[PDB]
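# how does the following fold in three dimensions:
(6 chains)
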Amino acid sequence: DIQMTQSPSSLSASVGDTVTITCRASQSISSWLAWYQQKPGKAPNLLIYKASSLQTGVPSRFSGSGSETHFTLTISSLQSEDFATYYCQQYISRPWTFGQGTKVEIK
Amino acid sequence: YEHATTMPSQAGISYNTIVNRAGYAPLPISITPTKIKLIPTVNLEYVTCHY
Amino acid sequence: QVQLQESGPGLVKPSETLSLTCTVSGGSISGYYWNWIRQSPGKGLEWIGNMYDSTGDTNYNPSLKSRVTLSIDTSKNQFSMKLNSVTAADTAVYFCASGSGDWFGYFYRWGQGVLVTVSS
Amino acid sequence: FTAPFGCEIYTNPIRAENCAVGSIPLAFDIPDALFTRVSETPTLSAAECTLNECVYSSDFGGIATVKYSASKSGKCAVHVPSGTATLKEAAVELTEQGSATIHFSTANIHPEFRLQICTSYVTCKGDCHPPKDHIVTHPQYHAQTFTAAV
Amino acid sequence: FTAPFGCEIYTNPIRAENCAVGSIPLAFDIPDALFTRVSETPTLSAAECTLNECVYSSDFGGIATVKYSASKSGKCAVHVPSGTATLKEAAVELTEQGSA
Amino acid sequence: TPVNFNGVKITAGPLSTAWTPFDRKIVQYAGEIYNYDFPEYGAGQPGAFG
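Numbering: from 1, shown residues only, chains lettered A, B, ... in the order given. The relevant structure is shown in the block below.
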């Protein structure tokens, strides 16, 4: 399988902070990487697809970048509704896999 | 392995092909002539000017 | 566009078979892939496998392949998961979404998830 | 300003350039070591094609999406073994099962062609619409063909 | 108070306004550069329509919902190529698959 | 003449329709090439080229 390594696993931040989450793939996945948000007791929600495309209905403070093996999710200025767990995922090389998750908690 | 394919002699336009065999993956081949030159074999007979 | 709903939560006995159905509404299952993903509460997301809508081919998580069956039911516009020989390690919230990949938008719809508790 | 075939003329050396005349019979002796087995490269299974847009035009006015279910993600080539359509791009990247975009220029008003892709081929077919402008400022990219019927 | 076709009359300049008479043959020469390809704009697939309400009336008493499955979210126009129905709105916004 | 970089040998065959815009006998002047049947060396006639 393609191993997805998310970094960091945990982050403490305040409303208005710029947050960066990185994702590393065990082999090149070109631009085929998605980012999800998940809150306790809820299903994941798609934020970014194909490394940099913002999903409709998702605020523009979320942005994605990267290609090959290294990817970045940036939250320009964190909002109260942005405290959650974030997951990367690659739909590439048997099979499709998720990163371990990044929990973004309130400082 | 010998392969052969006619390439239209147009400048600036590209050309692509795939070479394949029953047990070997497709190997792409691309050509792009950026400038085709037509030099003739020439010798000087004389030079003339105002008298 | 697409809405997904997992069948209801409840108990499965150790060594017996966990069975779930996902019902798609407002859309057909005649394109794309149809996927199961699980989450043990407090932990991360694990992809279980997928079935490809157009041709019905399945792909499974290697660690689960020997115990997992996926299928599609055209007559109810549903797809299903069978997971054999469960143990307490299979207690999790099971989500049904268009995972793996689609020819135009996949994993854009995630079923709200259903909790399966494996218990004696 | 009078040469046939649109040749440009230059004087040092005496020469003509960019003569759109004839064709060059290229011959390529490819070493046996440069070939790669079918097993290694990404293998495509159960593909479907659809012309999401077609503009019969000199440039690559034609767009087609290929839905693919690959055996492993990566990169691999794409071609059309026919003069009906000429592709802008040589290779595409694939991620398990998904969709990819191919640009092409066409001569047929009722196009139909075998898109060869990654150890497979898919029969692309559709209807195509005329272009916008009567006159364009670049030469043809698509091989002309007799068939332009209803 | 006596002009045909409901014309209003004014005196500087001498003129009549708002005469509901005839029609204006408009001709529009649209530049070739202002057109946009079908591929770029939102493309609709597998739509269904239903008149959730209809009041045959002078004003826009008729309501219709279109269920859509768009290729990409955005905005695009709507029209009726016939004299049967005249629409209040020119364009609508679409979000993947939903209703408008 | 081949070009043999990286082991693959490329040979561009003869141009299929051999053709030139230059006739057998040409003239250069001011960076422009003209087709002109100028007199052979030793036949130049007055009031004309050569």
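
# please count neighbours and contacts with C-alpha atoms only from this point.
Noted.

# flag every residue of chain C that's near chain A.
Residues of chain C found near chain A (Cα under 8 Å from any Cα of the partner chain) are C:44-47, C:61, C:95, C:100-101, C:107-113.

# centroid residue for chain A?
With distances taken as Cα atoms, centre = their mean, chain A has residue A:35 as the residue nearest its mean C-alpha position (3.8 Å).

# helix, strand, or coil at whichever residue of chain C sits closest to chain A?
Per Cα to the nearest Cα, residue C:112 is where chain C lies closest to chain A, at 5.1 Å. Of the three states, residue C:112 takes coil according to DSSP: H, G, I helix; E, B strand; the rest coil.

# what about it, distance to residue C:96?
According to Cα to Cα, to the nearest Å, residue C:112 stands 8 Å off from residue C:96.

# picking up where we left off before, for the residue nearest to the centre of chain A, pull up the helix or strand it's in.
Using DSSP states H and E, the element containing residue A:35 is strand A:33-38.

# contacting residues around the very next helix or strand once past that strand?
Proceeding N to C from strand A:33-38, the next assigned helix or strand is strand A:45-49, under DSSP H and E. Here strand A:45-49 makes contact (Cα atoms under 8 Å, 6 or more residues apart in numbering or on different chains) with A:32-38, A:54-55, A:58, A:62-64, C:107-110.

# ok, of those residues, which come out buried?
Buried residues within these, defined by neighbour count using 16 or more other Cα atoms under 10 Å in any protein chain shown: A:32-38, A:54-55, A:62-64, C:107-110.

# what is the nearest of those residues to chain F?
residue A:32 (32.3 Å).

# chain B: strands as residue ranges?
B:2-8, B:15-21, B:24-31, B:37-38 (DSSP state E).

# show me what the last one is packed up against.
Using 3 or more Cα pairs under 8 Å, 6 or more residues apart in numbering or on different chains; DSSP states H and E as the contact criterion, the elements in contact with strand B:37-38 are strand D:14-17.

# same thing but 10 Å
If contacts are counted by 3 or more Cα pairs under 10 Å, 6 or more residues apart in numbering or on different chains; DSSP states H and E, strand B:37-38 sits against strand D:8-11, strand D:14-17.

# quick one: distance of it to the chain centre.
Relative to the centre of its chain, strand B:37-38 is centred 10 Å away, using Cα atoms, centre = their mean, to the nearest Å.

# and chain B, which of its residues are near chain F?
B:1-2, B:4, B:6-7, B:9, B:38-40, B:42-50 (Cα under 10 Å from any Cα of the partner chain).

# what's the PyMOL syntax to select whichever of those residues are buried?
Selection command for PyMOL covering only the buried members of the residues of chain B next to chain F, criterion 16+ other Cα under 10 Å:
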select buried, chain B and resi 7+9+38
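
# give me the phi and psi for whatever residue of chain A ends up closest to chain F.
Closest contact between chain A and chain F, by Cα to the nearest Cα, is at residue A:28 (25.9 Å). Dihedral pair for residue A:28: phi -60, psi 130, per degrees, to the nearest 10.

# skipping adjacent residues, who's closest to it in space?
In space, and not counting its chain neighbours, residue A:28 is closest to residue A:68: 4.4 Å by Cα to Cα, 6 or more residues apart in numbering or on different chains.

# so how far is residue D:74 from that neighbour?
Taken as Cα to Cα, the span from residue A:68 to residue D:74 is 10 Å.

# the two: who's more crowded?
Neighbour totals were compared for residue A:68 and residue D:74, and residue D:74 leads with 20 against 15 (other Cα atoms under 10 Å in any protein chain shown).

# thought the more buried one was touching residue A:92?
Yes - counting by Cα atoms under 10 Å, residue D:74 touches residue A:92, with 7.8 Å between them.

# intersection of neighbour lists for these two?
Listed contacts common to residue D:74 and residue A:92 are A:27, A:28, A:29, A:30, D:94, D:95, D:96; contacts here mean Cα atoms under 10 Å, 6 or more residues apart in numbering or on different chains.

# most neighbours among those residues, which one?
With neighbours defined as other Cα under 10 Å, the most crowded of the shared contacts of residue D:74 and residue A:92 is residue D:95; it has 30 neighbours.

# give me the phi and psi for it.
Residue torsions, per degrees, to the nearest 10, at residue D:95 are phi -130, psi 100.

# from residue E:9, how far out is it?
From residue D:95 over to residue E:9 the distance is 72 Å, taken as Cα to Cα.

# also residue B:6?
Residue B:6 is 79 Å from residue E:9, by Cα to Cα.

# ok, for the residue nearest to the centre of chain A, nearest residue in space, not its chain neighbours?
Closest to residue A:35 by Cα to Cα, 6+ apart is residue A:88, at 4.5 Å.

# just the buried positions in stretch A:89-99, please.
Neighbour counts over stretch A:89-99 (16+ other Cα under 10 Å) mark A:89, A:90, A:91, A:92, A:93, A:94, A:95, A:96, A:97, A:98, A:99 as buried.

# would you confirm that the last one contacts residue A:21?
Translated: residue A:99. No - in this structure residue A:99 lies outside contact range of residue A:21 using Cα under 10 Å: 11.0 Å.

# intersection of neighbour lists for the two?
Common neighbours of residue A:99 and residue A:21, counting by Cα under 10 Å, 6+ apart, are A:6, A:7, A:9, A:86, A:87, A:88.

# ok, back up a step: can you tell me which of the helices and strands packed on strand B:37-38 is nearest to residue A:44?
Residue A:44 sits nearest to strand D:14-17 of all the helices and strands packed on strand B:37-38, at 61.2 Å, using Cα to Cα.

# each with direction, which strands does the next helix or strand after the closest one pair with?
Later in the chain than strand D:14-17, the nearest helix or strand by DSSP H and E is strand D:23-29. In the sheet, strand D:23-29 lines up against strand B:2-8 (antiparallel), strand F:9-12 (antiparallel) (DSSP bridges).

# which residue sits closest to the residue nearest the centre of chain C in space, ignoring its chain neighbours?
Nearest to the geometric centre of chain C sits residue C:36, at 2.7 Å (Cα atoms, centre = their mean). Spatial nearest neighbour of residue C:36, excluding adjacent residues (Cα to Cα, 6+ apart): residue C:96 at 4.6 Å.

# how near is that neighbour to residue C:88?
The value you get for residue C:96 to residue C:88, if Cα to Cα is used, is 21 Å.

# show me the contacts for the residue most central in space within chain D.
The C-alpha lying nearest the average C-alpha coordinate of chain D belongs to residue D:87 (Cα atoms, centre = their mean; 1.9 Å). Neighbouring residues of residue D:87 by Cα under 10 Å, 6+ apart: B:14-16, D:60, D:62-63, D:78-80, D:102-106, D:115, D:141-142.
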